[PDB]
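The next block holds one structure in the form of structure tokens; read it before the comments.
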Amino acid sequence: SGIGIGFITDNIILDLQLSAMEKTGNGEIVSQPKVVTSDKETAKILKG
Amino acid sequence: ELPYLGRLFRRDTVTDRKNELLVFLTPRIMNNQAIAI
Amino acid sequence: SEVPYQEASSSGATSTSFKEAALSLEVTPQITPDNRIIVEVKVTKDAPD
Numbered sequence: 122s123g124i125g126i127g128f129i130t131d132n133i134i135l136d137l138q139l140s141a142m143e144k145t146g147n148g149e150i151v152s153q154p155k156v157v158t159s160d161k162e163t164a165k166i167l168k169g
Numbered sequence: 268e269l270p271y272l273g274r275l276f277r278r279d280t281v282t283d284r285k286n287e288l289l290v291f292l293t294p295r296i297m298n299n300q301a302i303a304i
Numbered sequence: 170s171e172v173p174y175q176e177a178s179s180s181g182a183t184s185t186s187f188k189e190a191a192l193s194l195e196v197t198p199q200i201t202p203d204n205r206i207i208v209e210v211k212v213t214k215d216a217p218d
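Okay, structure coming up:
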């Protein structure tokens, strides 16, 4: 990904590189399940 | 140690990964309809 | 369709299990006068893995 190459070869081969990586990842997941339940009773939505 | 070469000889890796998770909830009584039902 | 698991474990356990990943409605409706029902309903969708 990130390589900065300085090369001499003709006179001498002298290689000087600054190799840097910056990675950015953002993941956002927003899920909303709605369940209709009796009162004081259990009801269950399961999505899997 | 060298001021001009330390950056060229100091390898820095800094990573900040921050994930926040939050759960809301709202109950809408269906009795408003269930009493009428 | 009925997704099984066949664990045939010689020394006494033959888990010839199966379970149908079927759409389904299992309903127990109770009918109240104004053409209403309070029903215990299992509403399941499942599917072979």
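Chains as they are written, first to last, in the deposited numbering: chain A, 122 to 169; chain B, 268 to 304; chain C, 170 to 218. Even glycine gets a Cβ: it sits at the ideal position worked out from N, Cα and C.
Please name the residue in the options whose C-alpha comes closest to that of residue i.
i      : options                           : result
B/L292 : A/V151, A/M142, A/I126 and A/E143 : A/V151
B/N298 : A/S159, A/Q153 and A/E143         : A/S159
C/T183 : C/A191, C/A190, C/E189 and C/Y174 : C/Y174
B/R278 : A/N132, A/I166, A/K168 and A/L139 : A/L139
B/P294 : A/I126, A/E143 and A/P154         : A/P154
B/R274 : A/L137, A/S122 and A/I133         : A/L137
C/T213 : C/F187, C/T185 and C/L192         : C/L192
State the DSSP-derived secondary structure class of residue i, mapped to helix, strand or coil.
i                      : result
B/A303                 : coil
A/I134                 : coil
B/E268                 : coil
residue 276 of chain C : It is not possible to answer for residue 276 of chain C, since the shown part of chain C is limited to 170 through 218.
A/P154                 : coil
C/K214                 : coil
A/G169                 : coil
A/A164                 : coil
C/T185                 : strand
A/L139                 : strand
C/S180                 : coil
Residues of chain A with CB under 9 angstroms from residue i, in chain order?
i      : result
B/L272 : Neighbours of B/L272 on chain A: none; closest Cβ ~10 angstroms, over 9 angstroms.
B/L275 : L137 and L139
What residues from chain B crowd round residue i, counting only those whose CB sits closer than 9 angstroms?
i      : result
A/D136 : Within 9 angstroms Cβ-Cβ: nothing; A/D136 doesn't reach chain B, min ~13 angstroms.
Quick one: which chain B residues come within Cβ less than 7 angstroms of residue i?
i      : result
A/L167 : Going along chain B, no residue has its Cβ under 7 angstroms from A/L167, so there is no contact; the nearest lies around 16 angstroms.
Which residues in chain A have a C-beta closer than 8 angstroms to the C-beta of residue i? List them in chain order.
i      : result
B/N298 : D160
Any 3 or more C-beta pairs closer than 8 angstroms across the segment 185-199 of chain C and the segment 207-216 of chain C: yes
Whole runs of the beta strand (DSSP E) within the segment 272-303 of chain B, excluding any shorter than 3 residues: Inside the segment 272-303 of chain B, DSSP marks no whole beta strand (DSSP E) run of 3 or more residues.
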